[PDB]
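Undergrad: Below you'll find the structure I mean.
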Amino acid sequence: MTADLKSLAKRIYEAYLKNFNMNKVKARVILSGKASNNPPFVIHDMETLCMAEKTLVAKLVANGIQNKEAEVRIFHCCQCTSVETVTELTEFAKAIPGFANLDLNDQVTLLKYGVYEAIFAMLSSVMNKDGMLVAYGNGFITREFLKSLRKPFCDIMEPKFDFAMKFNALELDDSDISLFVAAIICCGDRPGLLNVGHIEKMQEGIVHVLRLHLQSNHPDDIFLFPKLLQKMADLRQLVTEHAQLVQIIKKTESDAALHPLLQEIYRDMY
Ligand SMILES: *c1ccc([N+](=O)[O-])cc1C(=O)Nc1ccccc1
Ligand SMILES: *c1ccc([N+](=O)[O-])cc1C(=O)Nc1ccccc1
């Protein structure tokens, strides 16, 4: 591995830690309970939910949702998390050598289709077999509780849990995930791209640094890179299935509005 590539990776790594407050290392120390005797508040039923919701009683009232069904409240708070992560990814993309120089429309297109593939990828970092950290690591909503919600809301997170478990089995660190997320955004296959040639050249570089980094960082996992390539395909499919379930929810649930920023992303996605 050369020096220009070795720096390009650290640069990507740098932008990852600067723009994402909840990295895998922060989460893994919380979940282990080895650096603090004060665990996060656990949400496992409607009771503990209403207790945690009393913390954000201000924004629930502002958004006129404080009185709606419990499933819809979670669906609304989670949209906020997506908006934040989409924003953070928009800033993270600037550190991708060549992304800032692409035409503006192609930047919107790359993010329009990649953000949710990146979200579900990074979402694995805050997940275990029993639940996921929430509110910057101050809460832990249980997997079973999300399954107990009424359909179709109970079908939202479970596939993400299933993906995170298999994804976490690869035992990647933020060093690897950062490059992995960069490759997800720099995909020359996105419908609507104008300068496909430039983006593809930009992707070949990212994917190259990733393949070398994986060999350097995980030498005893010979086919870790092929495994990831298959993980990109699984994420793409996972997002498709997710977008299908959202359109089913937005139409057959007149009570669960859709955030304006996310409406654009989901609009004419596939
Ligand atoms: C963001 C943070 C917290 C809450 N909450 O707890 O009520 C809600 C939101 C939010 O963005 N709600 C929303 C959903 C859809 C359209 C506009 C606003
Ligand atoms: C919903 C979507 C994404 C995340 N996240 O990635 O941190 C979290 C949530 C969520 O359920 N947040 C929450 C916090 C407190 C009480 C209810 C729900």
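So you can find residues: chains in the structure tokens are A, B, ... in the order shown, residues in each start at 1, and ligands are numbered from 1 in order.
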Find the nearest atom pair between each residue of chain A and ligand 2 for residues within 9 Å, count only C-alpha atoms and all ligand atoms, give distances in Å to one decimal, sort rows by chain and ascending number, and present the table as a tab-separated table.
TA:
residue	atom	partner	partner_atom_place_in_ligand_line	distance
A:22	CA	ligand 2	7 (O)	8.6
A:43	CA	ligand 2	16 (C)	7.3
A:48	CA	ligand 2	16 (C)	8.8
A:49	CA	ligand 2	16 (C)	6.0
A:50	CA	ligand 2	16 (C)	8.2
A:51	CA	ligand 2	16 (C)	8.7
A:52	CA	ligand 2	16 (C)	5.6
A:53	CA	ligand 2	16 (C)	5.9
A:55	CA	ligand 2	15 (C)	8.8
A:56	CA	ligand 2	15 (C)	8.5
A:73	CA	ligand 2	17 (C)	7.8
A:74	CA	ligand 2	18 (C)	5.3
A:75	CA	ligand 2	1 (C)	7.1
A:76	CA	ligand 2	1 (C)	8.2
A:77	CA	ligand 2	12 (N)	5.9
A:78	CA	ligand 2	1 (C)	3.4
A:79	CA	ligand 2	2 (C)	6.6
A:80	CA	ligand 2	2 (C)	7.7
A:81	CA	ligand 2	3 (C)	5.3
A:82	CA	ligand 2	3 (C)	6.7
A:85	CA	ligand 2	6 (O)	8.6
A:119	CA	ligand 2	6 (O)	8.2
A:120	CA	ligand 2	6 (O)	8.9
A:122	CA	ligand 2	6 (O)	8.7
A:123	CA	ligand 2	6 (O)	5.9
A:126	CA	ligand 2	6 (O)	7.4
A:132	CA	ligand 2	7 (O)	7.4
A:133	CA	ligand 2	7 (O)	6.0
A:134	CA	ligand 2	7 (O)	3.9
A:135	CA	ligand 2	14 (C)	5.3
A:136	CA	ligand 2	7 (O)	6.6
A:137	CA	ligand 2	7 (O)	7.7
A:138	CA	ligand 2	14 (C)	8.6
A:139	CA	ligand 2	15 (C)	6.4
A:140	CA	ligand 2	14 (C)	7.9
A:141	CA	ligand 2	11 (O)	6.7
A:146	CA	ligand 2	11 (O)	8.9
A:157	CA	ligand 2	2 (C)	8.6
Undergrad: I'd like to know which residues of stretch 136-246 of chain A are helix (DSSP H, G or I) (by DSSP, run on the backbone); could you write them as an NGL selection string?
TA: :A and (143-148 or 153-155 or 158-168 or 174-185 or 196-217 or 224-246)
Undergrad: Can you pull out every residue within 9 Å of residue A:13, counting only C-alpha atoms, but drop anything in the same chain fewer than 6 positions away, and send it as an MDAnalysis selection string?
TA: chainID A and resid 174:179
Undergrad: Grab the residues selected above and save them as an mmCIF file, in the first residue's frame with N, CA, C and O atoms.
TA:
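Done, and the output landed in result_39.cif:
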data_model
loop_
_atom_site.group_PDB
_atom_site.id
_atom_site.type_symbol
_atom_site.label_atom_id
_atom_site.label_comp_id
_atom_site.auth_asym_id
_atom_site.auth_seq_id
_atom_site.Cartn_x
_atom_site.Cartn_y
_atom_site.Cartn_z
ATOM 1 N N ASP A 174 -14.170 1.412 12.541
ATOM 2 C CA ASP A 174 -14.453 2.662 11.843
ATOM 3 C C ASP A 174 -13.475 2.895 10.700
ATOM 4 O O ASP A 174 -13.831 3.507 9.684
ATOM 5 N N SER A 175 -12.241 2.410 10.838
ATOM 6 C CA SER A 175 -11.297 2.517 9.733
ATOM 7 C C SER A 175 -11.870 1.891 8.468
ATOM 8 O O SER A 175 -11.780 2.469 7.379
ATOM 9 N N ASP A 176 -12.470 0.707 8.592
ATOM 10 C CA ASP A 176 -13.014 0.027 7.423
ATOM 11 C C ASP A 176 -14.356 0.621 7.010
ATOM 12 O O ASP A 176 -14.593 0.876 5.824
ATOM 13 N N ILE A 177 -15.242 0.854 7.981
ATOM 14 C CA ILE A 177 -16.581 1.353 7.672
ATOM 15 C C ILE A 177 -16.508 2.677 6.922
ATOM 16 O O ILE A 177 -17.308 2.936 6.014
ATOM 17 N N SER A 178 -15.563 3.543 7.296
ATOM 18 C CA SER A 178 -15.440 4.834 6.625
ATOM 19 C C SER A 178 -15.251 4.650 5.124
ATOM 20 O O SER A 178 -16.018 5.190 4.317
ATOM 21 N N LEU A 179 -14.233 3.883 4.729
ATOM 22 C CA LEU A 179 -14.031 3.606 3.312
ATOM 23 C C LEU A 179 -15.248 2.918 2.706
ATOM 24 O O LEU A 179 -15.679 3.261 1.599
#
Undergrad: Just give me the gap between atom CA of residue A:142 and atom CA of residue A:28 in Å, one decimal is fine.
TA: 16.2 Å
Undergrad: Excluding same-chain residues fewer than 5 positions from residue A:125, what lies within 8 Å of it counting only C-alpha atoms, as a PyMOL selection string?
TA: chain A and resi 23-24+27-28+164+168
Undergrad: Please produce a file of the residues just selected, as a PDB file, in the first residue's frame, where the atoms kept are C-alpha atoms.
TA:
ATOM      1  CA  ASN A  23     -18.943   5.942  15.816  1.00  0.00           C
ATOM      2  CA  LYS A  24     -18.506   2.212  16.345  1.00  0.00           C
ATOM      3  CA  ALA A  27     -20.978   2.542  20.789  1.00  0.00           C
ATOM      4  CA  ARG A  28     -18.991  -0.623  21.506  1.00  0.00           C
ATOM      5  CA  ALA A 164     -26.511  -5.749  11.286  1.00  0.00           C
ATOM      6  CA  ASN A 168     -21.124  -7.099  12.461  1.00  0.00           C
TER       7      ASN A 168
END
Undergrad: Can you tell me, as a PyMOL selection string, what residues are no more than 12 Å from residue A:204 when counting only C-alpha atoms, ignoring any on the same chain fewer than 6 positions away?
TA: chain A and resi 97-98+182-184+186-188+197-198+210-211
Undergrad: Here is a test: counting only C-alpha atoms and all ligand atoms, which residue of A:219, A:192, A:260, A:114 is nearest to ligand 1?
TA: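 Going through A:219, A:192, A:260, A:114 one by one, the smallest distance to ligand 1 is for A:260.
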Undergrad: Taking only stretch 73-171 of chain A into account, list the residues labelled strand (DSSP E or B) by DSSP (computed from the backbone), as a list in words.
TA: residues 127, 128, 131, 132, 133, 134, 139, 140, 141 and 142 of chain A
Undergrad: Residues as selected, N, CA and C atoms, written as a PDB file, in the first residue's frame, can you do that?
TA:
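Okay, this is what ended up in part_38.pdb:
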ATOM      1  N   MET A 127     -25.939  -1.528  17.035  1.00  0.00           N
ATOM      2  CA  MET A 127     -26.883  -2.626  17.177  1.00  0.00           C
ATOM      3  C   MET A 127     -26.197  -3.855  17.754  1.00  0.00           C
ATOM      4  N   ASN A 128     -26.946  -4.601  18.562  1.00  0.00           N
ATOM      5  CA  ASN A 128     -26.569  -5.942  18.979  1.00  0.00           C
ATOM      6  C   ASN A 128     -27.786  -6.849  18.823  1.00  0.00           C
ATOM      7  N   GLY A 131     -30.907  -5.172  20.686  1.00  0.00           N
ATOM      8  CA  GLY A 131     -31.432  -3.837  20.497  1.00  0.00           C
ATOM      9  C   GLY A 131     -30.373  -2.911  19.932  1.00  0.00           C
ATOM     10  N   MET A 132     -30.699  -1.618  19.949  1.00  0.00           N
ATOM     11  CA  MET A 132     -29.851  -0.593  19.359  1.00  0.00           C
ATOM     12  C   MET A 132     -29.810   0.631  20.257  1.00  0.00           C
ATOM     13  N   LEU A 133     -28.630   1.235  20.366  1.00  0.00           N
ATOM     14  CA  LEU A 133     -28.498   2.488  21.093  1.00  0.00           C
ATOM     15  C   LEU A 133     -29.250   3.601  20.374  1.00  0.00           C
ATOM     16  N   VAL A 134     -29.736   4.566  21.154  1.00  0.00           N
ATOM     17  CA  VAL A 134     -30.501   5.689  20.627  1.00  0.00           C
ATOM     18  C   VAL A 134     -30.130   6.945  21.403  1.00  0.00           C
ATOM     19  N   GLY A 139     -29.772   5.989  25.284  1.00  0.00           N
ATOM     20  CA  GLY A 139     -30.888   5.077  25.413  1.00  0.00           C
ATOM     21  C   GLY A 139     -30.619   3.786  24.668  1.00  0.00           C
ATOM     22  N   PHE A 140     -31.392   2.762  25.025  1.00  0.00           N
ATOM     23  CA  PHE A 140     -31.286   1.448  24.390  1.00  0.00           C
ATOM     24  C   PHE A 140     -32.698   0.899  24.216  1.00  0.00           C
ATOM     25  N   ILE A 141     -33.204   0.947  22.987  1.00  0.00           N
ATOM     26  CA  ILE A 141     -34.513   0.395  22.663  1.00  0.00           C
ATOM     27  C   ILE A 141     -34.329  -1.049  22.221  1.00  0.00           C
ATOM     28  N   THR A 142     -35.108  -1.950  22.814  1.00  0.00           N
ATOM     29  CA  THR A 142     -34.883  -3.378  22.654  1.00  0.00           C
ATOM     30  C   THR A 142     -35.443  -3.891  21.333  1.00  0.00           C
TER      31      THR A 142
END
Undergrad: Which residue is closest to ligand 1? Choose from A:64, A:226, A:205, A:191 and count only C-alpha atoms and all ligand atoms.
TA: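 Result for the nearest residue to ligand 1: A:64.
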Undergrad: Atom CA of residue A:152 to atom CA of residue A:245: how many Å, to one decimal?
TA: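 Spanning atom CA of residue A:152 to atom CA of residue A:245 is a straight-line distance of 8.1 Å.
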Undergrad: Excluding residue A:15 and any residue of its chain fewer than 3 positions from it, enumerate the residues within 6 Å of it, using only C-alpha atoms, and give them as JSON, numbers by chain.
TA: {"A": [12, 18, 92]}
Undergrad: For the residues selected in the previous step, produce a file with N, CA, C and O atoms as a PDB file, in the first residue's frame.
TA:
ATOM      1  N   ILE A  12     -10.292  10.022   4.627  1.00  0.00           N
ATOM      2  CA  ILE A  12     -11.668   9.538   4.713  1.00  0.00           C
ATOM      3  C   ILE A  12     -12.016   9.205   6.158  1.00  0.00           C
ATOM      4  O   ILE A  12     -13.079   9.583   6.666  1.00  0.00           O
ATOM      5  N   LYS A  18     -15.220  13.073  12.219  1.00  0.00           N
ATOM      6  CA  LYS A  18     -15.609  14.461  12.436  1.00  0.00           C
ATOM      7  C   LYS A  18     -17.101  14.685  12.222  1.00  0.00           C
ATOM      8  O   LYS A  18     -17.694  15.537  12.893  1.00  0.00           O
ATOM      9  N   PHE A  92     -19.897  14.648   4.889  1.00  0.00           N
ATOM     10  CA  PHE A  92     -18.876  13.617   4.752  1.00  0.00           C
ATOM     11  C   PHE A  92     -18.450  13.438   3.302  1.00  0.00           C
ATOM     12  O   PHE A  92     -17.281  13.145   3.030  1.00  0.00           O
TER      13      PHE A  92
END
Undergrad: Please determine, counting only C-alpha atoms and all ligand atoms, which residue among A:67, A:7, A:148, A:90 has the shortest atom-to-atom distance to ligand 1.
TA: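 Closest to ligand 1, using only C-alpha atoms and all ligand atoms: A:67.
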Undergrad: List as a PDB file with N, CA and C atoms, in the first residue's frame the protein and nucleic acid residues near residue A:239, meaning an atom at most 9 Å away when only C-alpha atoms are counted, but skip any in the same chain fewer than 5 places from it.
TA:
ATOM      1  N   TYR A 116     -29.258   6.085   2.305  1.00  0.00           N
ATOM      2  CA  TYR A 116     -29.919   5.026   3.061  1.00  0.00           C
ATOM      3  C   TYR A 116     -29.128   3.724   3.037  1.00  0.00           C
ATOM      4  N   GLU A 117     -28.406   3.445   1.951  1.00  0.00           N
ATOM      5  CA  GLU A 117     -27.463   2.333   1.984  1.00  0.00           C
ATOM      6  C   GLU A 117     -26.386   2.576   3.032  1.00  0.00           C
ATOM      7  N   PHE A 120     -28.181   2.317   6.814  1.00  0.00           N
ATOM      8  CA  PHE A 120     -28.338   0.947   7.294  1.00  0.00           C
ATOM      9  C   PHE A 120     -26.989   0.290   7.552  1.00  0.00           C
ATOM     10  N   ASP A 234     -26.479  -6.571  -0.768  1.00  0.00           N
ATOM     11  CA  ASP A 234     -27.520  -6.805   0.228  1.00  0.00           C
ATOM     12  C   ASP A 234     -28.124  -5.491   0.713  1.00  0.00           C
ATOM     13  N   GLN A 244     -40.109   0.209  -0.380  1.00  0.00           N
ATOM     14  CA  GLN A 244     -41.415  -0.376  -0.659  1.00  0.00           C
ATOM     15  C   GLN A 244     -42.310  -0.334   0.571  1.00  0.00           C
TER      16      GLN A 244
END
Undergrad: So, with only C-alpha atoms and all ligand atoms as the atoms that count, which of A:170, A:185, A:262, A:35 lies closest to ligand 1?
TA: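 Using only C-alpha atoms and all ligand atoms, the shortest distance to ligand 1 belongs to A:262.
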Undergrad: Pick the closest to ligand 1 from A:106, A:84, A:47, A:4: which is it, counting only C-alpha atoms and all ligand atoms?
TA: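 Among A:106, A:84, A:47, A:4, it is A:84 that comes nearest to ligand 1.
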Undergrad: Rank nothing, just name the residue among A:37, A:63, A:263, A:32 nearest to ligand 1, using only C-alpha atoms and all ligand atoms.
TA: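 The closest residue to ligand 1 is A:63.
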